[PDB]
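Structural description and commentary
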Amino acid sequence: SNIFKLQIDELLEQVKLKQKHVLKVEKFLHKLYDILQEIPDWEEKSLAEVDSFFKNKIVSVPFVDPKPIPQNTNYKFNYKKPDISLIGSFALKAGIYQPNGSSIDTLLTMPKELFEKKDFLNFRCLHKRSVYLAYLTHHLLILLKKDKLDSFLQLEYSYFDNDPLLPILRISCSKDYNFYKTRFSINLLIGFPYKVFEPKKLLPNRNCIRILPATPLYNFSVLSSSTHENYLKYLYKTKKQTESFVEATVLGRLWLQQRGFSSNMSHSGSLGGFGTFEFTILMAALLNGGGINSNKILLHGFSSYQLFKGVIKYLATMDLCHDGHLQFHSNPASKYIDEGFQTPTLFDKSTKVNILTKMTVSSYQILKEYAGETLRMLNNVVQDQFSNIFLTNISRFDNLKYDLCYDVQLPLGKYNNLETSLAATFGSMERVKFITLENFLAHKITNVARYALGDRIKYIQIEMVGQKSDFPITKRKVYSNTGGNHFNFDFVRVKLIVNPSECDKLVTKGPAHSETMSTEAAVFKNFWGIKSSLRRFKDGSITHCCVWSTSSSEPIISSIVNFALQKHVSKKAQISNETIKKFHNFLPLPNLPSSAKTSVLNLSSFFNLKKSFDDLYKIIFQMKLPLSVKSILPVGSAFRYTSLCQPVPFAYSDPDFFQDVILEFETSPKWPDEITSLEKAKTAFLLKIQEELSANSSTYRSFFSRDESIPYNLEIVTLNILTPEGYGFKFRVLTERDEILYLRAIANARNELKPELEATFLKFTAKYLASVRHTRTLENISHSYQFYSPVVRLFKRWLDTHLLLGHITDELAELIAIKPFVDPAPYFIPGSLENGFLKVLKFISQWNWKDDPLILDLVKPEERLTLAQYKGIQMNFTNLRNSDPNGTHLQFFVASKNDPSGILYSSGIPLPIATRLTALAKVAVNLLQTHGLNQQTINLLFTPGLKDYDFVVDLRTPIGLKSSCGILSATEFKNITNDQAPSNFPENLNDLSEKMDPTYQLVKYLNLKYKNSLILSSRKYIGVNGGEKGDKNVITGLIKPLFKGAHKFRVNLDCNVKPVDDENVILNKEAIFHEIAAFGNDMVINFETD
Amino acid sequence: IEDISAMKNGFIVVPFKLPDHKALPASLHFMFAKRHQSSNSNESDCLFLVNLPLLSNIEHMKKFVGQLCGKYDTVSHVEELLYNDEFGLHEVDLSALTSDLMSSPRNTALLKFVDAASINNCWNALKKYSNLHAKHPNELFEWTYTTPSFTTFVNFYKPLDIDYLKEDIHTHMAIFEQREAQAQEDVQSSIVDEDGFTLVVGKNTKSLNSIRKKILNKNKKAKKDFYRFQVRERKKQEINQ
Amino acid sequence: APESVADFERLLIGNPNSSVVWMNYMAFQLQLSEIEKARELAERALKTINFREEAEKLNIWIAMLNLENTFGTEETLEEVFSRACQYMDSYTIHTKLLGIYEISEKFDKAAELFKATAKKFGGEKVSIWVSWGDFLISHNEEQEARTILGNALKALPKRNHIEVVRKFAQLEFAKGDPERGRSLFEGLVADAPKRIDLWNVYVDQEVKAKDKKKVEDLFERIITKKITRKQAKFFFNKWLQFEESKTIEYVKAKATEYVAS
């Protein structure tokens, strides 16, 4: 309850000192509204002749749609000197020094003598507003040109919050009287008179335009043109009441601009609409109540932190769109009325206005979700995440704050070419409720996406890009060829965030079949046309549905949105989404029946080996030992859904074909004492189990293999078996004795030999003991985080193409990839593979080491890690790397509930490899924010980055091994890879050395030989990274900074020696690279120094 | 410059040949040499040699020193490559570190002889070898790069032969249980000292080393009343407070 | 040149195993006199050094005890002395301690540790005793460092009881007393004549003590024994080229006469 307000005051000292850029510009706008004061009147002159008056001038008049033809424009075309007011942002003190630019609020409300009682129809009062603007900019431009300050200003006709009904006059300054070292766009805006008409036209149920589809948008727009002055009266009176508002709203606008919610509009197809004065209005509305009995939600007894928490609690637990919304009247309690208007709503009865009708239904939906999500990560008393909640702008990327993206390119041609270029509506009833073409296609496309998906996605957001609220002085309109049309948008961002449990479900379900085909089945068959029909099921229900032919590379979400686009809004527009298919063939496609039509969320291969493992489990339990089995437990990467081959039978060529299973017998106190004798007794038990296995069930076969993944135990073997369903399992016996044997070896070792034996015990703990609870926890959690196995598999193939798996361990890569899932804040859980992968790389590019641990709790959504265990983990991290100064040999710190030490998987990796990973992450996020997503972008993201750091070897074994690893190579025929598929076990089991690769463990041997001179790496997923034939592999090596030159010869140099002086030595680099190729004499083909 | 062929501290630069890489046209693997001593049975008349070839084992050192013997009349009595650590997997012995018995220099293979005159003859021969390699690079003394490295490190996916490791760990258990039962019987038979001191022992303990290490690892009712000097201190208490 | 802390840690990252760099980082704080901060940086260094290099771990422990002897005090000196004797070899910690204690000029611990450590590692060596004897003769305790012979002979086994009178005769001929040193050397020449090193180095130490009349008697009194050709060439050249460096005519006669008999 202490330090978050110190973070708050840090934000205050980040935002403040506005005087140097409010005083001079308030002087400058003082001179500006002095100029507006000495702008005199311009009386009523006719519209049809001010057309010609403005014709040959540079001021061609802007207009609201459409241009007012003089057949009915019999309005009073006056101009008077309006009322000046200096309000809003620079008067209520909410200015962040953003390099994009803060706004300004200068009010010119219209005088009383240029309207009527029924001026509020058919927007010719807005035509009056537009020609009012046209004369004001003409008069102002000639006055500022004779006042010769045009050398750094430029005026522009913009829209007030992206609204064509309300254009504004924005001034951008550039390079004594100039203001350009900070925030831009000082705009002025005219408005309407305060109180004119009784509120029936002010109600959202008005339409006085001709043949009643009401115009709530427009009677809100003119009412917001007029009556935003009682609201700042209300703001000023609560400002005189108390003081926490200014910091509460700089915090609110800060968080909302990180979330991308500025107050322009979401009706025009952009994420936004909600903004800072709306935030003020709801805070001060919740001041005098908020409850249904107007129970006081907000007191100023608590400061901005609990004001903000109560605000987000009320917005998250009080719906506005569909059931209930806030009511308040400025002239005065505030309550919660019961229904919803199918739009973001809050009623203010003293205005009869609907202030939250600047954004749309999906935008309010996603903002209530952001309220719930930041509420979830704010109410917890566990950790502190103030930088996670504010100080990361999530709005920077599209596919990072969203999950996947479509880009609809619609070449409609012209406004007349509409009727054969697009299949949407064209009507008085749609042009009366929608401003323009992008507006009606936006509302139609969000309703058909909502109805097309429904229970298939979390949220939809629509956003037309190429839109701009920018059109010049000389031009009447945005006169812009927007790629096949002349409407203010280029192409349509369709951004989706998905409920990931129903992406690849291949049947969506309409209502069932009554005989009387009711209206819901009717609109279902209309919306779905020839494709959907009524079907039987295994339950026997007769229900309306449609088959979605799932492909591997294509998620069916793209196919259903492709049909919901090309059936209803257009018939020849096209859809751009190539990223998903661009990496889905970077996924490896296993040799499975109809594997192209199988999804990526299918786990049938893992279940197939689990079934094979279970029959092996039964046939190893139903027999007799001299010492029975206590339990066997698989610990394999396939048993935790991680392995890079999606495991097909007989697939020997993958080095992790052999999964590992620990097995332990009961606690017999009869055991041998010393460590070699006990591991030899474990070999004796494995000898007995394979002897009886070949005795009874000879359809399984087996062999023995030495393991040296633990150091200094020379006599530890594993039992490998080949299961006639076609799989291979390692068996390692665990006892209750090895743990205390390693501990007493630690205890009686020599004191300068302690930490190496401690490293041996750490490798033992990581390999035998904590690995079981590791695979248990994340295999249990993978069925709640469904995209985990594809994001880890693509991460691991990325990491082997960029050549790190020879140092890093696969459980560590697994932990780095679970980190964005079990803590996804501020974002979502990733409902797609791209969103997962770039969330991984964005996080690890953000992530430091010196002041940064990595605590994660692998828990279910909505057993966790409490405050005490959190503090213990952070404290042993703290003393760990104040003992370790900068990460000399300990780089990462990955701590879970199952390992509060954290040093279990991070040990062993060299500092060049870890810094190379962090640098590659920063290079990747640099490429993402610079060049954008593209096919060549993804190919550059999977470039080797070979860098020519001292060493390149090119290796090809005498056979290709992708038909043998079981990943099919996108062939036109499956029998081409089937007749080379190894669907047979080799009889003499020695041949697996030549049916597999030696490169990973020979690079292991060479690395531990040259541990202090050069670190080596090899592509350990051989033709998974090595092209299509399945043969290309590399060997690379980074030389130490110690051996930059010749060094004084000693006995402890322990390197490859060349006396170039009598005192100085250097590598025989050609001799040792030649000896590398001499070891790999059949494996090597090509070699390049440097 | 190749005529620089001997270092300060007696190190004899020994170059050899390298085979043909398909892309490599050079070929200088460099070794050192000494003649050191100690009276124990593993360092007398011995040699270091540094910067080892990968899997330097017994047999090509046999053929190489036989080549030098037949070449330039040196006599040599080679038996074994002492303390060959090239990979670094035999530094700390876990079995001796926690065992009852079978108890108790980076890339420096050591090698000792039987005759000190033979090792001195090979020392003079090797110094002349170093300087003849320095003089000409084409009429070399040679250890050709013969490869049992393949025979032990391309075949390592082999199933270890079942009857062989059967009889191997059969013999290992058959000696282990023998020395184990011997150790335990020696523990709890009878231990009197040089004088009369019967040693306390556990019911089911097993080793004198075990009770030694546990005796290494194992390296109230006062009263605040009841006495008259305590009534002296408490009267001082009850007058000061 | 190393100036900043990131520069120092960059040196230690790019160079893990050079005591030049390690004691550069130590001597920076030694020269800035923030030596307790050097103590905690030393606790970093002893546990961040690689454990294979025996000479370099000797360097870092010698440097730590150099800190504790140059500015520390005895109650922590015995603490780091006990920790050094636990971690690494007690005997070389003792020898560097004795050298560094007499460098820092503290007899009040130096003589006591000479006694205790010559007790400790003097039943299997001789140097921990003869360093004490040379120190006592250098600080004017001639007869006290001559009385050490009984202590040496009862401390060691039989094997180097030649070597104890050898070394104490070395230091007695270095700066002790020459004729009393010959009174020590008489046990050498009475015990073993067949060790041909003792005679040669005893007359060479007679040369370096330079009593020239007894030089001209000692060389002339060896030769009546069974002298083999290598020993003859050795003693012959160490007399004749030294006379190169009243008698020279007679030893020129003996250059030819003792070829016959």
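As deposited, the entry is annotated with cryo-EM as its determination method and 4.9 Å as its resolution.

The name given to chain C in the PDB entry is rRNA biogenesis protein RRP5, with Saccharomyces cerevisiae as the source organism.

Per the PDB entry, chain A is named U3 small nucleolar RNA-associated protein 22, and its organism is Saccharomyces cerevisiae. On record in UniProt, under Function, the comment for chain A is "Involved in nucleolar processing of pre-18S ribosomal RNA and ribosome assembly."

This part is about the overall build of chain C. Looking only at helices and strands, chain C has 15 helices and zero strands in total. Relative to its length of 261 residues, chain C is extended, with a C-alpha radius of gyration of 25 Å against a globular reference of 18 Å. Principal-axis analysis of the C-alpha atoms gives chain C an extent of 80 × 40 × 30 Å. A burial count over chain C gives 38% of its 261 residues as buried. Accessible surface computed for chain C: about 15,400 Å², of which carbon and sulfur atoms make up 54%. In chain C, the 41 positive side-chain charges and the 42 negative ones have mean positions that sit 8 Å from each other.

This part is about the overall build of chain A. Helix and strand content of chain A: 35 helices and 30 strands. Projected onto its principal axes, the C-alpha coordinates of chain A cover approximately 105 × 80 × 60 Å. When each of the 1090 residues of chain A is scored for burial, the buried share is 58%. Just so you have it, chain A exposes about 46,700 Å², and 57% of that area is on carbon and sulfur atoms. Positive and negative side-chain charges of chain A, numbering 130 and 109 respectively, have mean locations separated by a distance of 6 Å.

Residue and element names in this part refer to chain A. Here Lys-505 shows up in the loop between strand 13 (491–497) and strand 14 (507–512). Exposure remark for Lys-505: the relative accessible area of 26% places this residue in the partly exposed category. For the pair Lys-505 and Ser-694, spaced 189 residues apart in the sequence, the C-alpha separation amounts to 44 Å. Other than its neighbours up to four places away in sequence, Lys-505 contacts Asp-455, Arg-456 and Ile-556.

This part covers the packing of aromatic side chains. The full count for this structure, using the stated rule, is 82 aromatic pairs over all chains. Plain terms: the ring middles of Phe-279 of chain A and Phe-308 of chain A are 6.1 Å apart, the flat faces sit at 70 degrees to each other, and that makes the pair edge-to-face. Highlighted residues: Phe-279 of chain A in helix 9 (residues 276–285) and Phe-308 of chain A in helix 10 (residues 304–317), separated in sequence by 29 residues. Exposure remark for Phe-279 of chain A: the relative accessible area of 2% places this residue in the buried category. Classification of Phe-308 of chain A as buried rests on a relative accessible area of 4%. A centroid spacing of 6.1 Å and a plane angle of 70 degrees characterise the contact between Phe-951 of chain A and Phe-1087 of chain A, whose relative ring orientation is edge-to-face. Here the residue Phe-951 of chain A occupies a position in strand 25 (residues 951–955), and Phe-1087 of chain A occupies one in strand 30 (residues 1084–1089), the gap between them amounting to 136 residues. Comparing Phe-951 of chain A with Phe-1087 of chain A, the two get one shared label, buried. Joined through ring pairs, the aromatic side chains of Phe-16, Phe-64, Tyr-72, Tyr-129, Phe-141, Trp-143 and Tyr-145 of chain B make up one cluster. Over the face of the ring belonging to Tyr-129 of chain B we find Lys-128 of chain B, whose NZ or CZ atom lies 4.8 Å from the ring centre.

On the side of chain A, 62 residues touch chain B, which itself brings 60 residues to the contact. It is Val-92, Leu-94 and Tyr-157 of chain B that lose the most area in chain B upon contact with chain A, and together they represent 13% of the buried surface on that side. Counting every contact that joins chain B to chain A gives two salt bridges. Measuring nitrogen to oxygen at the nearest pair gives 3.0 Å for the salt bridge that ties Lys-1009 of chain A to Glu-86 of chain B. Inspection of the region where chain B meets chain A yields 20 residue pairs in polar contact. Listing elements by their share of the side of chain B that touches chain A, those giving two or more residues are helix 2 (94–97), helix 4 (149–153) and helix 5 (162–187) of chain B. The residue makeup of the side of chain B that touches chain A, split by class, is 35 nonpolar, 14 polar and 11 charged.

Residues and elements named next belong to chain A. Here we have four strands laid out as an open sheet, ordered 26-27-25-30, and antiparallel in their pairing. A strand with exactly one partner marks an edge of an open sheet, and here the two such strands are strand 26 (1014–1018) and strand 30. Neighbour to neighbour, the strand axes of the sheet diverge by 15 degrees on average, direction disregarded. Direction of pairing for strand 25 relative to strand 30: antiparallel, over a ladder of five bridges. For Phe-951, the partnering residue across the bridge sits in strand 30 and is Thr-1089.

Residues and elements named next belong to chain B. Looking at the largest cavity, its volume works out to about 350 Å³. Around the largest cavity, the lining is made up of 24 residues, and of these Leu-47, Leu-49, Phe-64, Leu-111 and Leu-126 lie nearest the centre. Where the lining of the largest cavity is concerned, the elements lending two or more residues are helix 1 (58–72) and helix 3 (116–135). Ranked by residue count, the leading element in the lining of the largest cavity is helix 1, at five residues.

Residues and elements named next belong to chain A. Judged by pairing direction, the sheet is antiparallel, and its four strands sit side by side in the order 11-13-10-17 without closing on themselves. Of all the strands in the sheet, just strand 11 (459–465) and strand 17 (574–576) have a single pairing partner and so form its edges. Strand-to-strand, the axes of this sheet are offset by a mean angle of 25 degrees, without reference to chain direction. Two elements, strand 10 (residues 404–409) and strand 17, share three bridges in a ladder whose sense is antiparallel. Within strand 17, the residue paired with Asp-407 across the bridge is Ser-576. Across the sheet, helix 11 (residues 361–379) is in contact with strand 11 and strand 13; its angle to strand 11 comes to roughly 125 degrees. Strand contacts of helix 16 (residues 437–453): strand 11 and strand 13, with the helix running at about 155 degrees to strand 11, the strand carrying the most contacts.

On the surface, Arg-228, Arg-232, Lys-235 and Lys-236 of chain B cluster together into a patch of positive charge. One can find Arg-232 of chain B in helix 7 (residues 228–240).

The end-to-end C-alpha distance of helix 5 (residues 124–146) of chain A, which contains 23 residues, comes to 33 Å, matching closely the 33 Å that a straight helix rising 1.5 Å per residue would cover. Looking at the residues trailing helix 5 of chain A, positive phi occurs at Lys-148 of chain A, about 55 degrees.

On to the domain arrangement of chain A, then. Splitting chain A by domain gives domain 1 (1–16 + 192–201 + 242–397), domain 2 (17–191 + 225–241), domain 3 (398–506 + 550–576), domain 4 (577–946) and domain 5 (947–1090). Each of domain 1 of chain A and domain 5 of chain A has a C-alpha centre, and these two points are 60 Å apart.

It is worth spelling out a nonpolar patch on the surface at this point. Residue and element names in this part refer to chain A. On the surface, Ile-3, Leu-6 and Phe-386 cluster together to form a nonpolar patch covering roughly 290 Å² of accessible area. Position of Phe-386 among the secondary structure elements: in helix 12 (residues 386–389). Classification of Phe-386 by relative accessible area gives partly exposed; the value is 31%.

Let us look at the pattern of salt bridges. With the rule as written, the count across this model stands at 36 salt bridges over all chains. In this structure, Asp-407 of chain A and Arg-493 of chain A form a salt bridge, with 3.5 Å as the shortest nitrogen-oxygen distance. With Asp-407 of chain A in strand 10 and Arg-493 of chain A in strand 13, the pair connects residues that are 86 residues apart, well separated along the chain. Note that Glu-216 of chain C is salt-bridged to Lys-213 of chain C, the shortest N-O span being 3.1 Å. Note that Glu-216 of chain C and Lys-213 of chain C are positioned in helix 13 (residues 212–222) at a spacing of three residues, about one turn of the helix. Judged by its relative accessible area of 56%, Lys-213 of chain C falls in the exposed class. Put simply, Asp-85, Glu-91 and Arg-106 of chain B together with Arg-52 of chain C are held in one network by salt bridges that share partners.

Calculation rules
- Residues numbered from 1 in each chain as written, not as in the entry; some residues may be left out.
- Chains lettered and ligands numbered in written order.
- Part of a larger assembly, values for the part shown.
- Heavy atoms only, no water.
- UniProt positions renumbered as here; feature names shortened; annotations may be inferred.
- Helix = DSSP H or I, 4+ residues; strand = E, 2+ residues; numbered from the N terminus.
- Rg over C-alpha atoms; globule rule 2.2 N^0.38 Å.
- Buried < 20%, exposed > 50% of the residue type's maximum accessible area, 1.4 Å probe, protein only.
- Areas by Shrake-Rupley, 256 points an atom, 1.4 Å probe, with all protein chains shown as cover.
- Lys, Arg positive; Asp, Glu negative; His and termini not counted.
- Charge placed at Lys NZ, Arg CZ, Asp CG, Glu CD.
- Contact = heavy atoms within 4.5 Å.
- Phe/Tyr/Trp six-rings, centres within 6.5 Å; stacked < 30°, edge-to-face > 60°.
- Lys NZ or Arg CZ within 6 Å of the ring centre and 35° of its normal.
- Buried area = accessible area lost by both parts, 1.4 Å probe.
- Salt bridge = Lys/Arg side-chain N within 4 Å of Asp/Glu carboxyl O.
- Polar contact = N/O pair within 3.5 Å; in protein donor to acceptor, adjacent residues only side chain to side chain.
- Nonpolar A, V, L, I, M, F, W, Y, C, P; charged D, E, K, R; others polar.
- Pairing = 2+ DSSP bridges.
- Axes fitted to C-alpha atoms, helices over the stretch in contact; angles between N-to-C directions.
- 1 Å grid on protein atoms, 1.4 Å probe; cavity = no way out; pocket = protein on both sides within 12 Å on 5 of 7 lines; lining within 4 Å.
- Points joined across faces, edges and corners; volume = space filled by probe spheres on them.
- Patch = residues over 30% accessible without salt bridge, like charges linked within 9 Å, V, L, I, M, F, W, Y side chains within 5 Å.
- Expected span 1.5 Å × (residues − 1).
- Domains from an automatic or database assignment.

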